[PDB]
Amino acid sequence: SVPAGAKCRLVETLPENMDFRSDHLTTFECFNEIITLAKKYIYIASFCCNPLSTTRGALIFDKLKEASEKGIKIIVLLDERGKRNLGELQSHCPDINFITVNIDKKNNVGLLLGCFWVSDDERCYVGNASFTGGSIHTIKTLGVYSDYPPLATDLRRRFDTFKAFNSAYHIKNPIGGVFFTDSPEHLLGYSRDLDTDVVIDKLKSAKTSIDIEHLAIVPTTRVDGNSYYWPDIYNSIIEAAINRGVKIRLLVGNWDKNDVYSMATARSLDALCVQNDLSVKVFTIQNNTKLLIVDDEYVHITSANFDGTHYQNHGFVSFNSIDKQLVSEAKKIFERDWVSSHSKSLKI
Amino acid sequence: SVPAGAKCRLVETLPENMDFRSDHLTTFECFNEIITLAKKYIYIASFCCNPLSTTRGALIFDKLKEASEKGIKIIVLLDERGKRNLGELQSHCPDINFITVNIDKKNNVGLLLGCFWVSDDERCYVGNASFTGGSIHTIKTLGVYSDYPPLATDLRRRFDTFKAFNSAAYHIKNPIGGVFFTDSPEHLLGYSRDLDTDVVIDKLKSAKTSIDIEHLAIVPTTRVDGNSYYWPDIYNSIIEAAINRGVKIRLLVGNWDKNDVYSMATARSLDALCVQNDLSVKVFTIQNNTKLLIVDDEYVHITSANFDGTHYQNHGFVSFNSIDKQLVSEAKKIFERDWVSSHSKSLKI
């Protein structure tokens, strides 16, 4: 009935100046095939829309413009704080519907990240490649493409939820081994599962290994001029390594900004690298990859970073899979990134 | 009916070589009053019994010996891992009943700390002054004495629980007399006792204004049984109160080193938090058993355990809690004295 894996295949943006190589569908090829095969609609949700930054991004934008001129209903969702180039986006393509959204009318902290495409209720992409020229060509990204109509329909319902904010156990036995998790809690409705609870549960259930490629694993972030302390994911990682002997490899971005918090977290992680089975490598390249692999049997790909600001306020959809083949493909991706020349051991 | 405060008064050990001063009942005077007024029994629970280390402790030991010679039933509970001077304790006083206890027969990690005296179901002491000459004379300690029979009877039931391990809500919100006990570990709670872990974390999370803590170490990682154990529950409650709710927090902890990478890293983290939040950390080098927590100047917590994972997951102890305004204000002045003491210096390095 339902195909194993839900017809999902991994998508990558591997910049030519970087040493990352693979035979997966590229982000450019993914967006191009979605626009080409489109018959009725194309829905896109991202924090900001800035495709003209690279030549490949402008080509995707022009192909999307062609679809709009040929009757395809195209709607692009972007957060209110990415409204800088809104006038230029609508001037270039008057037939595209650009909508700014504010998902947090109470606190004005939550931001739309979504980071997914969906079209014709048949095809969809989901990952961490925003609708920018950087995410298409020059920034390393990781996502998932699928042409399974039930999965794309799930993403279309997420688009309905996000579009409604215009400014103007199924987790144990998923369908096809693939399921979505959502954020924030006040947008879950009655049926959707909070990504925070799923991620923490998978980290606590880890028996062997935890592999994470994220931007920053820090317990403290700055919610626009104010500090917010949220160590839930940070503690789950640390307690797995120390209390349960789980082998943990963390591939995170470089820190500084004279941030006392990020530096303190760096010294704490470096202190853990000397006595526990916790290894941390750092990358300096621009990298949007948000990847989590547990016991080589569960994979989690999203657009949010494992911090309190994202998982308490921001709006995003996260990809989850327990399909062994898709997990093994993601495991090979992380193994490549771990020993890459752009990943260096944590320095004191 | 029930007296406010449950007839509780603070008890301190202030060594003469230290600058700490107060008008509270001393630990020596407290133990002396318990031994003198004893009519039937005196029950004592501590990790170890080493009273002969100082002259004042040996004097208390001889008074307890005299009580045993006068028909008083004396039982001293000590942990099995404090069995060093057991032979000398029984040679000095053949009429005292010394019992070694192992509260964790499964894992052999939990230790008996109790740190309380109870006698005649009428009088009791509870705090962090063990039955040693150091805790009586040379080591700074803080405890509570009460002669309210219902409170001492509650503490006697804890003694019954611990003695059984021989080697051979509503009542928390409006307590009786504003005083109640919390207990540890979870596998010894029974059906009616409240876990000290949950109460401490709840009080820390409910803090609206101030959090004052005088403990040995506030670290998320300890060495339980040859292995490192990560437990940041109390650590996170403190930090999130300061960062997310703007609570003014003063932490008075002991000095660290031992080339411990974990304790050193935690030191750098706390000092990193001191630069942008209302969190101040001072360090003491003196010998100090004080385990004190004060929340919003309306809740006081005195115990013998340290706020770490080893204690609050394994060890057996009874913790004193009170919301009585008078007793809390007295504990608040104690912390204010300790905070600006000459033996407490701001965190450097």
# chains A, B, ... in the order shown; residues from 1 in each chain; ligands from 1
>>> residues_around(residues="region 241-246 of chain A", least_positions_apart="3", cutoff="10 Å", atoms="only C-alpha atoms", output="PyMOL selection string")
(chain A and resi 203-210+235-238+249+272+275-278+294-295) or (chain B and resi 221+227-231)
>>> write_last_selection(atoms="N, CA and C atoms", output="mmCIF file, in the first residue's frame")
data_model
loop_
_atom_site.group_PDB
_atom_site.id
_atom_site.type_symbol
_atom_site.label_atom_id
_atom_site.label_comp_id
_atom_site.auth_asym_id
_atom_site.auth_seq_id
_atom_site.Cartn_x
_atom_site.Cartn_y
_atom_site.Cartn_z
ATOM 1 N N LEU A 203 16.648 11.681 21.892
ATOM 2 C CA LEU A 203 17.950 11.821 22.535
ATOM 3 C C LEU A 203 18.019 11.012 23.826
ATOM 4 N N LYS A 204 16.931 10.993 24.601
ATOM 5 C CA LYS A 204 16.927 10.233 25.847
ATOM 6 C C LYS A 204 16.896 8.731 25.595
ATOM 7 N N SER A 205 16.343 8.305 24.462
ATOM 8 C CA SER A 205 16.261 6.890 24.123
ATOM 9 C C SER A 205 17.523 6.365 23.452
ATOM 10 N N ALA A 206 18.517 7.219 23.218
ATOM 11 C CA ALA A 206 19.722 6.797 22.517
ATOM 12 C C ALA A 206 20.468 5.735 23.314
ATOM 13 N N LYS A 207 20.764 4.612 22.658
ATOM 14 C CA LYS A 207 21.478 3.512 23.290
ATOM 15 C C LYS A 207 22.937 3.416 22.867
ATOM 16 N N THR A 208 23.292 3.930 21.689
ATOM 17 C CA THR A 208 24.627 3.712 21.144
ATOM 18 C C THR A 208 25.301 5.006 20.701
ATOM 19 N N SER A 209 24.685 5.735 19.771
ATOM 20 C CA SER A 209 25.345 6.869 19.140
ATOM 21 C C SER A 209 24.377 8.029 18.957
ATOM 22 N N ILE A 210 24.929 9.242 19.004
ATOM 23 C CA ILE A 210 24.205 10.472 18.695
ATOM 24 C C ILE A 210 25.102 11.326 17.810
ATOM 25 N N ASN A 235 21.159 19.460 27.817
ATOM 26 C CA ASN A 235 21.263 18.474 28.889
ATOM 27 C C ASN A 235 21.048 17.056 28.372
ATOM 28 N N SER A 236 20.085 16.871 27.465
ATOM 29 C CA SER A 236 19.823 15.542 26.920
ATOM 30 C C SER A 236 21.057 14.974 26.231
ATOM 31 N N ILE A 237 21.772 15.808 25.474
ATOM 32 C CA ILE A 237 23.013 15.366 24.843
ATOM 33 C C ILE A 237 24.042 14.992 25.903
ATOM 34 N N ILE A 238 24.282 15.896 26.857
ATOM 35 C CA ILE A 238 25.351 15.686 27.832
ATOM 36 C C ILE A 238 25.066 14.464 28.698
ATOM 37 N N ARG A 249 29.053 12.699 18.611
ATOM 38 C CA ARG A 249 29.878 13.545 17.759
ATOM 39 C C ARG A 249 29.064 14.773 17.381
ATOM 40 N N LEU A 272 34.367 18.567 28.302
ATOM 41 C CA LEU A 272 33.769 17.249 28.130
ATOM 42 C C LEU A 272 34.512 16.395 27.112
ATOM 43 N N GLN A 275 37.422 13.833 28.716
ATOM 44 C CA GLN A 275 37.162 12.731 29.634
ATOM 45 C C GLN A 275 35.984 11.842 29.259
ATOM 46 N N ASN A 276 35.149 12.233 28.303
ATOM 47 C CA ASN A 276 33.967 11.468 27.933
ATOM 48 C C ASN A 276 34.005 11.116 26.452
ATOM 49 N N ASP A 277 33.084 10.238 26.051
ATOM 50 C CA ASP A 277 32.962 9.850 24.651
ATOM 51 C C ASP A 277 32.164 10.906 23.898
ATOM 52 N N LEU A 278 32.572 12.163 24.041
ATOM 53 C CA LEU A 278 31.949 13.293 23.369
ATOM 54 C C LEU A 278 33.019 14.007 22.560
ATOM 55 N N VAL A 294 20.289 9.166 15.432
ATOM 56 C CA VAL A 294 20.291 8.465 16.711
ATOM 57 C C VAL A 294 20.418 6.971 16.445
ATOM 58 N N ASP A 295 21.460 6.358 17.012
ATOM 59 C CA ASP A 295 21.667 4.907 16.991
ATOM 60 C C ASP A 295 21.656 4.332 15.576
ATOM 61 N N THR B 221 27.947 17.994 37.760
ATOM 62 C CA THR B 221 28.587 16.699 37.572
ATOM 63 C C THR B 221 29.378 16.333 38.817
ATOM 64 N N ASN B 227 32.567 6.701 38.765
ATOM 65 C CA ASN B 227 32.126 7.184 37.468
ATOM 66 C C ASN B 227 31.472 8.547 37.627
ATOM 67 N N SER B 228 31.513 9.333 36.557
ATOM 68 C CA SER B 228 30.914 10.656 36.572
ATOM 69 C C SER B 228 29.410 10.543 36.357
ATOM 70 N N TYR B 229 28.656 11.386 37.057
ATOM 71 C CA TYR B 229 27.203 11.399 36.969
ATOM 72 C C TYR B 229 26.730 12.828 36.754
ATOM 73 N N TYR B 230 25.888 13.021 35.744
ATOM 74 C CA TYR B 230 25.434 14.343 35.331
ATOM 75 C C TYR B 230 24.010 14.562 35.829
ATOM 76 N N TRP B 231 23.814 15.622 36.611
ATOM 77 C CA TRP B 231 22.519 15.901 37.233
ATOM 78 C C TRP B 231 22.410 17.400 37.443
#
>>> interface_residues(of="chain A", to="chain B", cutoff="6 Å", atoms="only C-alpha atoms", output="ChimeraX atom specification")
/A:228-229,239,243,260,264,268
>>> residues_around(residues="residue 313 (chain A)", least_positions_apart="5", cutoff="9 Å", atoms="only C-alpha atoms", output="NGL selection string")
:A and (103-104 or 109-111 or 183-185 or 308)
>>> write_last_selection(atoms="C-alpha atoms", output="compact mmCIF listing (two decimals), in the first residue's frame")
# COMPACT_ATOMS: atom_id res chain seq x y z
CA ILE A 103 3.11 33.98 13.82
CA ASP A 104 3.63 35.63 17.24
CA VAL A 109 9.42 36.89 19.01
CA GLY A 110 8.44 33.84 16.98
CA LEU A 111 9.71 33.85 13.39
CA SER A 183 6.62 24.12 16.10
CA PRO A 184 5.61 26.23 17.98
CA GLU A 185 3.23 24.68 20.51
CA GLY A 308 15.63 27.69 23.16
>>> atom_distance(atom1="CA of residue 65 (chain B)", atom2="CA of residue 52 (chain B)")
12.5 Å
>>> residues_around(residues="residue 183 (chain B)", least_positions_apart="5", cutoff="9 Å", atoms="only C-alpha atoms", output="PyMOL selection string")
chain B and resi 158+188-189+193-197+316-319
>>> write_last_selection(atoms="N, CA and C atoms", output="mmCIF file, in the first residue's frame")
data_model
loop_
_atom_site.group_PDB
_atom_site.id
_atom_site.type_symbol
_atom_site.label_atom_id
_atom_site.label_comp_id
_atom_site.auth_asym_id
_atom_site.auth_seq_id
_atom_site.Cartn_x
_atom_site.Cartn_y
_atom_site.Cartn_z
ATOM 1 N N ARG B 158 11.588 8.819 60.979
ATOM 2 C CA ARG B 158 12.728 8.728 60.072
ATOM 3 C C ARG B 158 13.816 7.837 60.656
ATOM 4 N N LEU B 188 12.881 5.281 49.883
ATOM 5 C CA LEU B 188 12.594 5.226 51.311
ATOM 6 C C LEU B 188 11.451 6.149 51.718
ATOM 7 N N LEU B 189 10.782 6.786 50.754
ATOM 8 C CA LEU B 189 9.750 7.761 51.090
ATOM 9 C C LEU B 189 8.527 7.109 51.719
ATOM 10 N N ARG B 193 5.656 10.525 52.746
ATOM 11 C CA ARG B 193 6.716 11.518 52.832
ATOM 12 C C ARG B 193 6.965 12.173 51.478
ATOM 13 N N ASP B 194 7.411 13.425 51.524
ATOM 14 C CA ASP B 194 7.611 14.237 50.332
ATOM 15 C C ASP B 194 9.080 14.213 49.932
ATOM 16 N N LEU B 195 9.333 14.024 48.640
ATOM 17 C CA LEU B 195 10.700 13.984 48.139
ATOM 18 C C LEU B 195 11.333 15.368 48.220
ATOM 19 N N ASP B 196 12.498 15.447 48.868
ATOM 20 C CA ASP B 196 13.182 16.728 49.018
ATOM 21 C C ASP B 196 13.562 17.326 47.670
ATOM 22 N N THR B 197 13.901 16.481 46.693
ATOM 23 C CA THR B 197 14.245 16.968 45.360
ATOM 24 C C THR B 197 13.120 17.813 44.770
ATOM 25 N N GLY B 316 20.565 9.174 52.072
ATOM 26 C CA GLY B 316 19.458 9.234 53.006
ATOM 27 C C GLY B 316 19.612 10.350 54.014
ATOM 28 N N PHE B 317 18.722 11.336 53.954
ATOM 29 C CA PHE B 317 18.802 12.482 54.845
ATOM 30 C C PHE B 317 17.412 13.065 55.042
ATOM 31 N N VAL B 318 17.267 13.827 56.123
ATOM 32 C CA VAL B 318 16.050 14.569 56.422
ATOM 33 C C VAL B 318 16.377 16.051 56.327
ATOM 34 N N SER B 319 15.508 16.808 55.665
ATOM 35 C CA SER B 319 15.727 18.227 55.433
ATOM 36 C C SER B 319 14.671 19.040 56.167
#
>>> select_by_dssp(residues="region 19-100 of chain A", states="alpha helix (DSSP H)", output="PDB file with C-alpha atoms, in the first residue's frame")
ATOM      1  CA  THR A  27      18.785  21.753  -4.274  1.00  0.00           C
ATOM      2  CA  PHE A  28      18.842  23.442  -7.686  1.00  0.00           C
ATOM      3  CA  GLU A  29      17.705  20.252  -9.434  1.00  0.00           C
ATOM      4  CA  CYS A  30      15.033  19.712  -6.770  1.00  0.00           C
ATOM      5  CA  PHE A  31      13.534  23.200  -7.081  1.00  0.00           C
ATOM      6  CA  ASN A  32      13.804  23.008 -10.878  1.00  0.00           C
ATOM      7  CA  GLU A  33      11.962  19.679 -11.094  1.00  0.00           C
ATOM      8  CA  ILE A  34       9.234  20.954  -8.759  1.00  0.00           C
ATOM      9  CA  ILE A  35       8.687  24.057 -10.902  1.00  0.00           C
ATOM     10  CA  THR A  36       8.846  22.060 -14.146  1.00  0.00           C
ATOM     11  CA  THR A  55      22.990  33.268 -10.785  1.00  0.00           C
ATOM     12  CA  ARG A  56      21.447  29.862 -10.024  1.00  0.00           C
ATOM     13  CA  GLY A  57      18.987  31.437  -7.595  1.00  0.00           C
ATOM     14  CA  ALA A  58      17.953  33.985 -10.216  1.00  0.00           C
ATOM     15  CA  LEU A  59      17.398  31.134 -12.687  1.00  0.00           C
ATOM     16  CA  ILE A  60      15.101  29.349 -10.226  1.00  0.00           C
ATOM     17  CA  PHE A  61      13.299  32.662  -9.703  1.00  0.00           C
ATOM     18  CA  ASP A  62      12.860  33.155 -13.457  1.00  0.00           C
ATOM     19  CA  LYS A  63      11.573  29.597 -13.893  1.00  0.00           C
ATOM     20  CA  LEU A  64       9.096  30.328 -11.098  1.00  0.00           C
ATOM     21  CA  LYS A  65       8.197  33.530 -12.957  1.00  0.00           C
ATOM     22  CA  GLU A  66       7.504  31.493 -16.104  1.00  0.00           C
ATOM     23  CA  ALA A  67       5.179  29.213 -14.129  1.00  0.00           C
ATOM     24  CA  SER A  68       3.275  32.225 -12.789  1.00  0.00           C
ATOM     25  CA  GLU A  69       2.843  33.545 -16.341  1.00  0.00           C
ATOM     26  CA  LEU A  86       9.467  42.602  -0.883  1.00  0.00           C
ATOM     27  CA  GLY A  87       8.947  45.419  -3.383  1.00  0.00           C
ATOM     28  CA  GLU A  88      11.638  44.094  -5.715  1.00  0.00           C
ATOM     29  CA  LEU A  89      10.263  40.542  -5.524  1.00  0.00           C
ATOM     30  CA  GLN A  90       6.781  41.651  -6.601  1.00  0.00           C
ATOM     31  CA  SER A  91       8.138  44.102  -9.186  1.00  0.00           C
ATOM     32  CA  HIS A  92      10.121  41.317 -10.865  1.00  0.00           C
TER      33      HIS A  92
END
>>> closest_residue(among="A:328, A:192, A:338, A:267", to="residue 248 (chain A)", atoms="only C-alpha atoms")
A:338
>>> atom_distance(atom1="CA of residue 173 (chain A)", atom2="CA of residue 304 (chain A)")
24.4 Å
>>> residues_around(residues="residue 4 (chain B)", least_positions_apart="2", cutoff="10 Å", atoms="only C-alpha atoms", output="list in words")
residues 1, 2, 6, 7, 8, 176, 177, 178, 179, 323, 324, 325, 326 and 327 of chain B
